[PDB]
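This document starts with one chain, in the form deposited in one PDB entry, laid out as structure tokens.
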């Protein structure tokens, strides 16, 4: 009954064997292919990657972060995570010629497009209550009232807003879907760095999904991952070549600890990842 992580390993056989060179915004070249999709069963495995450690705590805590609507890279390092921190620094702000907006303020990103979609952005502390659409709710509410709705979609794409985020998202969009009280997710990431980011995202949306099956008391179905610019950077050919050699381990199970029923209620303890045995370390 084939292991879902083969889907990813296989995508990387692909991009190695067929990718073409393509530079990013900063000139570094990569090997890129355009158009891809793997499917992960959540039938309660949790597709946290085995042939290498992904940073759980990170995923986790980053989500509670968007979940809470937040836009301060600062609000987030308070919780010991510096993956966004980097785009909140005076310097980086300034680059983009936001020389006003004070340290940490990421502009309008996931978390504000996630709950104030179309609300005018003042700053990362201007209280935004009731303002803009709260697509996180409506996804939920629709799930609970008609689950055959064939448009339960959350978008982080705002052109009106893009000329204006620390960056544009590469989760443009995710849709959900429901049948036999099983819930599935599908995600459209415009740009995918499989070496070092892809596996995080899957976590990240496998998480989201669980959270939602929970609050709506559905069962978890497939996560489907969809990419446009799937690329590996060149430094990584190496190490991935090694890693593409590892044999996947069982995916862990993810438990939830505490029947909890607003989405926004969840808290870092509420889950606990169980039996994650990632192979070690690569270079």
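Positions refer to the first chain, counted from 1. By rigid core we mean the largest C-alpha set that fits within 1.5 Å across both forms.
The same protein also has a form deposited in another entry, omitted here; what follows describes it.
Core-based superposition between this form and the one not shown leaves all of 132, 168, 147, 195 but one with CA shifts under 2 Å; the exception is 168. Put the two forms on the same core and the Cα of residue 184 is off by less than 2 Å between this form and the one not shown. Annotation for residue 158: C-alpha shift of 2 angstroms or more between this form and the one not shown, rigid core superposed.
Put simply, residue 227 and residue 161 come closer in that other deposited form: their C-alpha atoms are 3 Å or more nearer than in the form shown.
Shown here is a form in which the CA atoms of residue 166 and residue 63 lie at least 3 Å closer together than they do in that other deposited form.
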